[PDB]
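The next block holds one structure in the form of structure tokens; read it before the comments.
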Amino acid sequence: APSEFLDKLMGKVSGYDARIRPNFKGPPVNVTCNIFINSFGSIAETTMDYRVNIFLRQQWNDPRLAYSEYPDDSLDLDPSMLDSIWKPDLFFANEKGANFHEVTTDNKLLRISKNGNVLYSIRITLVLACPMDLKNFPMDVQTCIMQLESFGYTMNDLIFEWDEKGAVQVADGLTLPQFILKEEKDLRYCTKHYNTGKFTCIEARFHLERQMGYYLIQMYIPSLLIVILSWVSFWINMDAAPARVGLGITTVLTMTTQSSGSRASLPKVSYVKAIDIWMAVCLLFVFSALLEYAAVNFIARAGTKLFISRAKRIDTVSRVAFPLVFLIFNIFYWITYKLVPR
Amino acid sequence: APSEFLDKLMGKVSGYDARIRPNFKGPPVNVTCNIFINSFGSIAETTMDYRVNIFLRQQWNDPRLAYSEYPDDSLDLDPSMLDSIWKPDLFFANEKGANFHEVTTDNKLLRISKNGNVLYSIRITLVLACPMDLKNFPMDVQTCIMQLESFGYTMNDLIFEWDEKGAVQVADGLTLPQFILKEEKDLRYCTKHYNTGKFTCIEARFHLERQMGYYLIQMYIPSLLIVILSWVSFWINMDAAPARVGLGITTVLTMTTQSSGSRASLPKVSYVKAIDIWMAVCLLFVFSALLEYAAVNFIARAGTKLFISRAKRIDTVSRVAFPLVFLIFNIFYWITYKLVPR
Amino acid sequence: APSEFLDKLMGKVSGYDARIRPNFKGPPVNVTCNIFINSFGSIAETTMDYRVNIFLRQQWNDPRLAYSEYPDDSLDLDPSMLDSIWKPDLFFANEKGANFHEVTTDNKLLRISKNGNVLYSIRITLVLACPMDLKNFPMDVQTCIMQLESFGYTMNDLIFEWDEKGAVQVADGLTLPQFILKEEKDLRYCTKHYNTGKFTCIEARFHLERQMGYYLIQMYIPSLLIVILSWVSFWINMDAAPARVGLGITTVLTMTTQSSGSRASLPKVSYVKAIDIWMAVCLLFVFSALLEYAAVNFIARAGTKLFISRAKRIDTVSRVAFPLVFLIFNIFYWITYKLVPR
Amino acid sequence: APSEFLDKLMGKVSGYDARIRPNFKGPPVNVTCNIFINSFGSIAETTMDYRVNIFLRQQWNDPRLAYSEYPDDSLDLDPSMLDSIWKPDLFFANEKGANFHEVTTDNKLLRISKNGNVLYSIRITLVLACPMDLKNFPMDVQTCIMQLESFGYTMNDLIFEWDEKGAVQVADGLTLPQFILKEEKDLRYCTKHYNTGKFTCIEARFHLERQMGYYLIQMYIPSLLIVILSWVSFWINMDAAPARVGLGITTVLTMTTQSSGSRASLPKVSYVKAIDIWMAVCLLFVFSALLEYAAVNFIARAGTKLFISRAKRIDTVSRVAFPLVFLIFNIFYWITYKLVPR
Amino acid sequence: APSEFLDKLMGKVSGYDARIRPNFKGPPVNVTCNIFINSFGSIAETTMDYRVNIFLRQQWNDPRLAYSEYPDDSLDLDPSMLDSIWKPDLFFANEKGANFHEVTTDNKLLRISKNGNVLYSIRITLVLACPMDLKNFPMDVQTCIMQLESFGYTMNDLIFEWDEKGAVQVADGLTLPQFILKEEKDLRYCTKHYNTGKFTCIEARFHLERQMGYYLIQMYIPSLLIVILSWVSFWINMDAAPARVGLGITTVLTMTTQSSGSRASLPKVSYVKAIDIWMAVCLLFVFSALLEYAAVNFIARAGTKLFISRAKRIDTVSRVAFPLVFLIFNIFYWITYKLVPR
Ligand SMILES: CC[C@H](C)[C@H]1O[C@]2(CC[C@@H]1C)C[C@@H]1C[C@@H](C/C=C(\C)[C@@H](O[C@H]3C[C@H](OC)[C@@H](O[C@H]4C[C@H](OC)[C@@H](O)[C@H](C)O4)[C@H](C)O3)[C@@H](C)/C=C/C=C3\CO[C@@H]4[C@H](O)C(C)=C[C@@H](C(=O)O1)[C@]34O)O2
Ligand SMILES: CC[C@H](C)[C@H]1O[C@]2(CC[C@@H]1C)C[C@@H]1C[C@@H](C/C=C(\C)[C@@H](O[C@H]3C[C@H](OC)[C@@H](O[C@H]4C[C@H](OC)[C@@H](O)[C@H](C)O4)[C@H](C)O3)[C@@H](C)/C=C/C=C3\CO[C@@H]4[C@H](O)C(C)=C[C@@H](C(=O)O1)[C@]34O)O2
Ligand SMILES: CC[C@H](C)[C@H]1O[C@]2(CC[C@@H]1C)C[C@@H]1C[C@@H](C/C=C(\C)[C@@H](O[C@H]3C[C@H](OC)[C@@H](O[C@H]4C[C@H](OC)[C@@H](O)[C@H](C)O4)[C@H](C)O3)[C@@H](C)/C=C/C=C3\CO[C@@H]4[C@H](O)C(C)=C[C@@H](C(=O)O1)[C@]34O)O2
Ligand SMILES: CC[C@H](C)[C@H]1O[C@]2(CC[C@@H]1C)C[C@@H]1C[C@@H](C/C=C(\C)[C@@H](O[C@H]3C[C@H](OC)[C@@H](O[C@H]4C[C@H](OC)[C@@H](O)[C@H](C)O4)[C@H](C)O3)[C@@H](C)/C=C/C=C3\CO[C@@H]4[C@H](O)C(C)=C[C@@H](C(=O)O1)[C@]34O)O2
Ligand SMILES: CC[C@H](C)[C@H]1O[C@]2(CC[C@@H]1C)C[C@@H]1C[C@@H](C/C=C(\C)[C@@H](O[C@H]3C[C@H](OC)[C@@H](O[C@H]4C[C@H](OC)[C@@H](O)[C@H](C)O4)[C@H](C)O3)[C@@H](C)/C=C/C=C3\CO[C@@H]4[C@H](O)C(C)=C[C@@H](C(=O)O1)[C@]34O)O2
């Protein structure tokens with residue numbers, strides 16, 4: 001009897017056809033699909049893509065599946081039965097490849113309401129290639145988008161609509177080590193025009209903000225320290241050229257290395273990153289320090305002690321100048337990027 | 001005759017249906033599942049996931065499979081027969097992808113007791129994404145969790161229960177090169193609430209403790225050595241500025257490199273790692289050493305021999321001071337992290 | 001009735017055979033295929049290949065599929081039905097491996113016009129091995145080619161023709177981080193002669209131009225800076241040999257490192273890259289600077305003050321000479337590669 | 001007729017059942033299986049696993065397959081026929097994943113003797129995770145083990161036995177770039193006890209010895225050279241502090257780098273590697289050299305020429321001492337690890 | 001009618017059996033197979049394997065497929081039909097894994113001549129593990145071999161023969177960035193003896209020669225340059241110890257780094273590479289230069305000006321000596337490896 005009902009509803013009997021669209025030659029089937037995202041992982045600037053595995057819940061009703069037989073409002077069909085019924089055909093457009101998880105049983109959940117409402121749920125792993133603007137790199141906000149489109153049928157045949165309440169849910173305990181996701185999530189329609197015809201698509205937005213802890217600790221602090229080293233360099237007498245030339249050279253080299261280190265993590269990009277203007281100014285200051293020492297030597301290795309007194313003056317006034325120029329730059333710098341954002 | 005019994009029990013005859021849940025429209029099927037874990041491998045902080053391949057043994061009884069025909073209490077069915085019978089549908093929630101091992105035969109073991117108890121065993125390889133807190137990195141205890149949930153049916157239909165005795169077993173000879181697993185294993189229920197309904201889950205806990213041998217040998221000892229180099233630097237006369245500036249610079253650079261080296265292995269993280277406070281203090285001491293030499297020079301390059309005597313005093317008192325401040329820091333440091341843990 | 005038409009047109013009835021070519025033993029089937037390319041990604045010089053995922057739209061008409069039954073000009077058949085009809089067999093020749101995207105439904109779109117025109121669309125991910133000439137590396141234009149050939153039948157049986165209008169389309173918002181694609185796209189026939197017979201092929205051209213921003217910021221500027229360091233080195237008195245030897249050595253070493261850094265990204269290649277002539281000249285200038293200092297010392301460590309005056313002359317005239325020789329080289333250099341291209 | 005015999009022996013006729021074990025409800029089936037190993041490849045200490053692809057030849061007789069029809073002692077059945085007959089189910093326990101090679105035809109060889117002896121051969125690629133002890137790393141002997149167990153049936157049902165003569169064969173021309181395999185091969189039974197029951201297993205042993213050429217050339221020689229540099233450092237007068245401090249520092253730094261270099265290849269391990277005691281002693285000697293120079297300076301920068309004469313004595317006696325202490329250490333070192341092994 | 005002929009020739013009618021070998025119980029089937037290689041790619045010394053994707057064309061005639069029905073000499077069967085006919089079973093022995101390309105249609109080409117000659121063509125991607133001798137690394141000739149063997153049947157059943165004319169063809173435009181392939185190609189039989197029996201194999205030879213451009217530009221030139229730096233070092237007066245010690249140390253360090261750099265690309269190997277003798281001699285010369293400076297100091301820091309004159313003599317005679325010893329070594333070196341090869 002219970003098997004007999006799976007056989008009666010879905011059997012060849014009643015002439016049910018998998019291939020034919022529900023309510024065919026008529027109003028477009030409306031699919032309400034909401035996604036529950038388990039995790040973001042392996043977000044890489046260089047690879048340019050981010051991994052997310054999601055439950056996809058799509059709901060479409062067809063009149064023909066509706067049954068008067070059982071008391072229960074919704075009956076849970078077997079996962080295999082699902083291969084038999086018509087399914088809405090939905091591919092991630094930017095998907096860059098994706099896979100089901102078939103571990104143990106195939107992971108799929110389907111249930112038919114007596115009304116004829118169908119609930120269909122699948123667990124997918126997605127790699128998604130999102131374009132991301134690095135115009136200001138360290139502290140930027142990046143938007144990651146996923147758009148679900150129907151490759152099979154045109155606009156008149158099929159439509160996608162987000163669920164009116166709670167269209168995208170996130171894991172209760174989900175955190176990203178590198179970025180923080182924002183509670184506010186934008187959802188917006190799109191319509192794709194292709195040579196073949198117009199295909200429906202719906203896209204979610206995700207907003208992610210870069211954690212400043214790691215970059216502060218790694219990128220900025222050593223720069224600050226190295227810049228301190230020039231400052232301590234100034235106090236040593238000009239008579240010892242090696243100590244000054246040694247500090248200047250060593251510091252400029254280290255700044256070079258520190259600068260490349262930032263570059264290795266990132267994808268190769270034409271426009272100047274904020275990190276680059278920071279490195280350019282730090283390097284400009286150490287180079288200017290060595291430059292000042294060079295000028296002091298040009299005056300000192302030249303001649304008369306009156307000039308050497310002049311140079312002992314420029315030493316003090318310089319040592320007072322550099323922390324001020326660096327500090328004022330720093331102040332002027334932080335406001336634009338980390339304050340009044342967007 | 002023996003084939004005739006596989007054909008009689010599992011045949012179309014008797015109207016056995018694969019798709020229908022055992023004891024349908026009634027008390028939820030109870031699955032007692034215990035796992036035997038062959039190995040942990042490729043645990044990587046950066047990838048954030050750990051590999052484990054496990055035997056999964058799940059036991060559920062259904063009345064309809066029960067047979068009075070044979071003398072034997074448990075009969076071992078063919079591995080293919082398994083595709084025909086109803087199986088409890090169980091997916092690892094955090095699985096991040098997983099695969100069966102089909103090498104030679106498909107690796108699956110099933111047996112039916114005359115009572116109707118079914119024993120079902122499969123060999124799976126799992127990658128598992130466990131969130132791990134690095135708040136104190138080198139010596140931390142990390143908890144790795146795996147939760148088994150039923151994607152197919154709600155709470156009223158199906159339930160998972162760990163076996164009362166020996167729910168998780170480990171290989172007799174299993175060792176992890178990086179961590180040690182703890183004999184005490186916590187097992188605790190969870191219930192998942194999703195928009196679709198409430199799904200049963202059961203989760204194991206694994207506790208892993210970081211081996212301090214490698215990090216002691218690699219991370220800490222070279223730091224100690226480099227800090228010794230400042231100490232030997234102090235004894236050289238202040239008259240030779242290059243030897244002192246050379247030692248100070250070289251040591252601070254090496255400390256910088258040593259510090260980055262720790263960072264390369266780890267995933268990028270916002271909160272300060274214990275290794276970082278260690279590096280910060282070591283670097284602070286070498287920098288303070290160079291700083292003291294700079295002050296000594298400010299007094300020395302300045303003027304009168306009374307001051308130079310003053311500086312020869314500060315040399316000795318400093319050389320006595322640094323091992324004490326470093327030693328007291330070290331003592332104060334170890335207690336918090338490696339003593340009175342958690 | 002609607003199922004009955006899928007059954008009538010494609011049924012065993014009417015004796016339709018999948019295996020037989022349309023209009024068999026006659027004029028070669030003509031396939032008009034246009035591709036819509038979603039993205040280029042992971043273009044790597046070292047791996048030598050570039051990833052592109054494309055929609056492939058191929059159109060061939062066969063008389064036998066044509067139907068008089070429906071009012072609609074084009075009817076959209078089910079994606080599975082596609083396995084039944086004869087398909088033009090088309091493999092990417094240089095494909096180096098490729099995969100369909102079967103996520104959710106298999107992603108395939110097919111429709112039959114009453115005329116008998118068939119539209120067939122598939123979404124594919126391609127890795128493509130394109131040979132690329134590095135003769136001038138940093139600023140080069142690279143051509144990436146994909147050729148679609150029929151492995152199954154000879155020229156007399158089958159032919160490929162690009163669509164007369166809009167044979168290749170690109171995503172409206174598509175950008176490549178490393179290169180820019182050019183609007184002008186060349187399309188040209190090819191015919192392959194193999195021992196078996198002659199097979200049709202059609203190949204698209206893509207032209208890509210290297211972004212000069214990243215290489216300017218990374219490769220060239222540090223070179224400029226390091227070359228500046230020699231210039232500042234000259235001013236320090238020759239009396240201090242260490243400062244001069246220190247600057248010369250340090251700079252030549254850094255130039256060595258900078259040079260290798262360029263090499264690591266690129267595939268190993270026999271012919272000299274433009275970047276290499278740039279590095280060779282920069283290194284030649286720093287080496288020549290140190291060389292001049294060495295000559296100055298050979299005169300200076302030798303003897304009489306008249307010679308030392310001679311050397312103080314060569315210092316000034318040299319410091320005036322080096323920026324001129326470097327600047328004139330730079331000017332002479334840029335014209336060939338970034339100006340009057342091809 | 002020849003097809004008729006495949007149809008008669010393996011047909012539904014005679015009531016042959018694939019699922020049922022040979023000689024069912026009786027003495028355990030005995031499988032004699034010998035392996036021919038094509039190659040070892042990609043043996044990596046860090047990944048901890050080694051690749052081997054093997055032919056597996058397993059022989060079990062069943063009475064029912066035996067035929068009186070043909071003259072030939074052994075008849076070669078079609079590779080597909082193999083799917084129909086019962087196969088012994090054998091999975092590599094530590095397999096960590098493995099794959100068949102299906103290129104061209106599926107690669108499988110089966111033949112049935114009239115006696116009823118069945119020869120079954122398959123070509124498999126295995127990744128095998130072998131635990132390996134690094135207690136003395138550079139020159140160690142490592143044992144790699146593969147154990148073949150039956151996941152399907154208990155001890156009473158099935159048994160594995162190595163072939164009495166030539167159970168494991170190796171390719172005639174097989175060589176490993178990193179290790180050498182030893183002709184003597186140990187083969188030993190194991191029995192696995194699991195909660196389900198006792199399962200048969202048979203394990204091969206492979207013994208591999210590390211090639212000392214590469215590590216001698218790479219690891220040890222540069223250490224020797226750097227240690228020579230301290231020796232040449234001693235001869236330079238103590239009056240020039242920079243040359244001595246320069247050599248001491250530079251050499252200790254280089255030793256640090258050389259030491260890390262060894263570490264990068266290896267998996268992270270708690271226990272001290274032999275390479276580490278070697279590095280510790282080399283570094284101890286360079287550090288002791290710099291230390292002696294520091295003491296000499298403490299005496300020299302202090303005061304009276306009688307002390308400076310004392311120091312010129314300690315220079316000579318030291319320069320005589322260091323090659324002796326290093327040489328005697330070297331001698332004492334090599335004996336334990338490369339002599340009287342195990 | 002045309003379908004009726006596929007049904008008549010290959011139908012169950014006429015009692016055609018896929019499983020049975022052509023001309024069974026008789027003279028061994030003779031397969032003439034020629035390969036057309038599209039590309040070599042990703043040849044890596046470290047991975048030890050090289051990728052090649054090839055068309056495999058194998059020709060065997062069977063009497064039973066021969067038909068008198070059509071006028072055409074050769075008829076092209078459908079790619080699926082191929083699964084039905086008997087195929088020669090041919091696996092690459094060293095294949096290390098390989099895959100078909102199933103993109104769009106499965107890529108397979110088959111045609112049956114009325115004579116009964118069958119032409120069968122498949123497109124395969126192969127990874128091939130070739131053993132390669134590095135005894136002289138930079139400029140070596142390496143032979144890469146692929147051997148095609150029949151795993152299914154013995155010598156008496158099946159045989160492989162290369163096509164008498166043009167057995168291996170190469171792409172008209174094929175080039176390898178790292179090596180050049182030689183027009184002369186050796187083809188030679190092999191017979192494999194295994195415990196099971198004797199299996200036929202045929203192997204192609206490929207000869208590849210290393211491009212000297214990249215290694216000249218990268219490996220050798222910087223060595224030459226660094227060796228020049230010692231030469232320029234000699235001219236500086238011995239009075240400044242730091243400039244000489246600085247140049248000697250810096251150069252020996254850089255030589256160390258340059259030496260390791262070569263090692264990173266290559267697989268770990270016991271026997272001494274030619275590149276190693278080159279590095280050993282270069283390093284020996286820089287070390288000998290520093291050594292000579294040390295001796296000069298032992299004489300100079302010692303005492304009387306007559307000795308200092310002696311040392312100013314050894315300076316000149318040395319500076320004349322080193323370019324000669326290095327040049328004569330270079331000459332003596334190149335002849336063995338790049339001249340009179342093999
Ligand atoms: C003339 C430069 C000399 C050598 C000066 O160098 C120094 C010191 C003083 C010298 C006189 C140091 C140098 C920076 C320069 C000053 C330059 C800048 C602050 C910026 O660059 C300028 C010019 C540049 O166009 C030549 C321009 O880019 C274009 C590219 C695109 O158009 C096609 C477009 O997007 C738009 C038009 O922008 C830029 C906007 O503006 C800044 C971008 C450069 C930073 C420099 C660096 C950043 O990572 C490098 C690395 O970390 C390293 C090793 C050293 C750094 C350095 O060496 O920093 C570094 O190379 O000062
Ligand atoms: C002012 C710093 C100057 C340059 C001082 O530098 C030195 C020497 C003396 C200078 C005056 C050396 C420097 C450390 C500083 C002292 C700083 C610390 C001990 C710590 O940082 C402070 C400030 C920091 O917030 C600015 C704060 O982080 C926040 C981040 C998050 O909020 C958004 C939150 O999680 C919480 C609020 O915590 C921290 C807790 O506390 C410590 C974290 C820094 C260690 C420094 C380093 C660790 O890896 C780096 C690397 O190995 C390297 C190359 C050098 C190191 C270094 O250069 O170490 C390094 O960069 O002293
Ligand atoms: C004699 C050289 C001495 C050591 C000189 O070195 C320096 C300084 C002065 C010394 C006297 C520095 C050196 C370059 C040389 C001058 C050489 C060139 C400008 C070029 O090379 C010459 C000769 C070379 O054939 C020996 C020839 O290649 C052939 C190869 C192929 O035939 C089989 C064919 O394609 C065609 C015939 O071309 C070339 C065309 O032309 C240039 C190619 C070399 C650049 C050098 C380098 C580029 O990356 C290297 C790296 O960044 C590094 C660490 C240092 C660089 C360097 O060390 O640069 C570097 O190694 O000058
Ligand atoms: C006090 C050390 C000072 C800094 C001394 O450092 C130097 C010079 C003189 C200083 C006074 C140099 C230093 C070694 C020390 C002497 C130490 C050893 C020879 C060994 O270590 C000792 C102590 C160590 O337990 C603290 C102990 O490990 C335990 C770990 C486990 O228990 C939990 C267990 O398995 C068992 C109990 O063993 C060890 C057995 O025995 C040796 C192991 C250390 C070698 C050092 C190094 C090896 O790779 C490192 C790297 O290449 C580098 C950059 C420098 C090396 C160095 O710096 O070498 C290095 O760090 O001497
Ligand atoms: C005693 C050596 C001292 C330290 C001398 O070092 C220097 C300078 C002068 C010192 C007195 C420098 C040193 C080489 C030596 C001279 C040695 C050689 C030219 C060669 O080696 C000798 C001895 C060696 O067996 C100990 C032997 O190998 C065996 C291995 C196998 O048997 C089991 C077998 O295959 C066969 C018997 O061959 C070899 C054939 O012959 C040469 C091979 C060594 C080259 C050295 C190096 C190559 O890459 C290394 C790297 O780039 C680096 C950082 C420095 C190099 C170096 O340091 O080079 C380096 O380590 O001279």
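The chains in the structure tokens are called A, B, ... from first to last as shown; in each chain the residues are counted from 1, and the ligands are counted from 1 in the order shown.
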
Q: Tell me which protein, DNA and RNA residues are within 7 Å of stretch 18-23 of chain B, counting only C-alpha atoms, leaving out same-chain ones fewer than 6 positions away, and put them as a PyMOL selection string.
A: (chain A and resi 78) or (chain B and resi 29+62+84-86)

(Q) Would you mind listing, as a list in words, all residues of chain B that have at least one atom within 6 Å of chain D, where only C-alpha atoms are what counts? (A) residues 78, 105, 109, 177, 213, 214 and 243 of chain B

Counting only C-alpha atoms and all ligand atoms, which residues of chain C fall within 12 Å of ligand 1, and what is the closest atom pair for each with its distance in Å at one decimal, ordered by chain and rising number, as JSON lines?
```
{"residue": "C:139", "atom": "CA", "partner": "ligand 1", "partner_atom_place_in_ligand_line": "33 (C)", "distance": 11.8}
{"residue": "C:210", "atom": "CA", "partner": "ligand 1", "partner_atom_place_in_ligand_line": "33 (C)", "distance": 11.3}
{"residue": "C:211", "atom": "CA", "partner": "ligand 1", "partner_atom_place_in_ligand_line": "33 (C)", "distance": 8.0}
{"residue": "C:212", "atom": "CA", "partner": "ligand 1", "partner_atom_place_in_ligand_line": "33 (C)", "distance": 6.1}
{"residue": "C:213", "atom": "CA", "partner": "ligand 1", "partner_atom_place_in_ligand_line": "30 (C)", "distance": 4.5}
{"residue": "C:214", "atom": "CA", "partner": "ligand 1", "partner_atom_place_in_ligand_line": "30 (C)", "distance": 7.5}
{"residue": "C:215", "atom": "CA", "partner": "ligand 1", "partner_atom_place_in_ligand_line": "30 (C)", "distance": 9.3}
{"residue": "C:216", "atom": "CA", "partner": "ligand 1", "partner_atom_place_in_ligand_line": "26 (C)", "distance": 6.7}
{"residue": "C:217", "atom": "CA", "partner": "ligand 1", "partner_atom_place_in_ligand_line": "61 (O)", "distance": 4.9}
{"residue": "C:218", "atom": "CA", "partner": "ligand 1", "partner_atom_place_in_ligand_line": "50 (C)", "distance": 5.1}
{"residue": "C:219", "atom": "CA", "partner": "ligand 1", "partner_atom_place_in_ligand_line": "61 (O)", "distance": 7.4}
{"residue": "C:220", "atom": "CA", "partner": "ligand 1", "partner_atom_place_in_ligand_line": "61 (O)", "distance": 7.3}
{"residue": "C:221", "atom": "CA", "partner": "ligand 1", "partner_atom_place_in_ligand_line": "61 (O)", "distance": 4.5}
{"residue": "C:222", "atom": "CA", "partner": "ligand 1", "partner_atom_place_in_ligand_line": "58 (O)", "distance": 4.5}
{"residue": "C:223", "atom": "CA", "partner": "ligand 1", "partner_atom_place_in_ligand_line": "4 (C)", "distance": 7.7}
{"residue": "C:224", "atom": "CA", "partner": "ligand 1", "partner_atom_place_in_ligand_line": "4 (C)", "distance": 4.8}
{"residue": "C:225", "atom": "CA", "partner": "ligand 1", "partner_atom_place_in_ligand_line": "4 (C)", "distance": 4.3}
{"residue": "C:226", "atom": "CA", "partner": "ligand 1", "partner_atom_place_in_ligand_line": "4 (C)", "distance": 8.1}
{"residue": "C:227", "atom": "CA", "partner": "ligand 1", "partner_atom_place_in_ligand_line": "4 (C)", "distance": 8.6}
{"residue": "C:228", "atom": "CA", "partner": "ligand 1", "partner_atom_place_in_ligand_line": "4 (C)", "distance": 7.3}
{"residue": "C:229", "atom": "CA", "partner": "ligand 1", "partner_atom_place_in_ligand_line": "4 (C)", "distance": 10.0}
{"residue": "C:231", "atom": "CA", "partner": "ligand 1", "partner_atom_place_in_ligand_line": "11 (C)", "distance": 11.9}
{"residue": "C:232", "atom": "CA", "partner": "ligand 1", "partner_atom_place_in_ligand_line": "11 (C)", "distance": 11.9}
{"residue": "C:254", "atom": "CA", "partner": "ligand 1", "partner_atom_place_in_ligand_line": "54 (C)", "distance": 10.2}
{"residue": "C:255", "atom": "CA", "partner": "ligand 1", "partner_atom_place_in_ligand_line": "54 (C)", "distance": 11.0}
{"residue": "C:257", "atom": "CA", "partner": "ligand 1", "partner_atom_place_in_ligand_line": "54 (C)", "distance": 11.1}
{"residue": "C:258", "atom": "CA", "partner": "ligand 1", "partner_atom_place_in_ligand_line": "54 (C)", "distance": 8.6}
{"residue": "C:261", "atom": "CA", "partner": "ligand 1", "partner_atom_place_in_ligand_line": "54 (C)", "distance": 11.1}
```

Q: Report the residues of stretch 126-315 of chain A whose backbone DSSP state falls under helix (DSSP H, G or I), written as a PyMOL selection string.
A: chain A and resi 212-235+241-265+274-300+305-315

**Q.** Counting only C-alpha atoms, the option among C:275, C:317, C:207, C:199 closest to residue C:183
**A.** C:207

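For the pair atom 59 (O, counted along the ligand's line) of ligand 3 and atom CA of residue C:45, the interatomic distance is 22.8 Å.
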
Q | Residue contacts of residue A:159 (7 Å, only C-alpha atoms) excluding same-chain residues fewer than 6 positions away, as a PyMOL selection string | A | chain A and resi 28-31+200

Q: To one decimal in Å, tell me the separation between atom CA of residue D:273 and atom 20 (C, counted along the ligand's line) of ligand 4.
A: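 It comes out at 10.1 Å.
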
Q: Would you mind reading off the distance between atom CA of residue D:342 and atom 33 (C, counted along the ligand's line) of ligand 5, one decimal, in Å?
A: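 These two atoms are separated by 20.4 Å.
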
**Q.** Polymer residues at most 9 Å from residue D:121, only C-alpha atoms, same-chain spacing of 2 or more positions, as a ChimeraX atom specification
**A.** /D:55-59,107-110,119,123

Q: Report the residues of stretch 69-312 of chain E whose backbone DSSP state falls under strand (DSSP E or B), written as an MDAnalysis selection string.
A: chainID E and resid 74:76 91:92 98:100 108:113 117:129 141:149 158:161 168:170 179:181 187:193 198:210

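Restricting the calculation to only C-alpha atoms, the smallest distance between residue D:323 and any of D:340, D:202, D:289, D:306 is found for D:289.
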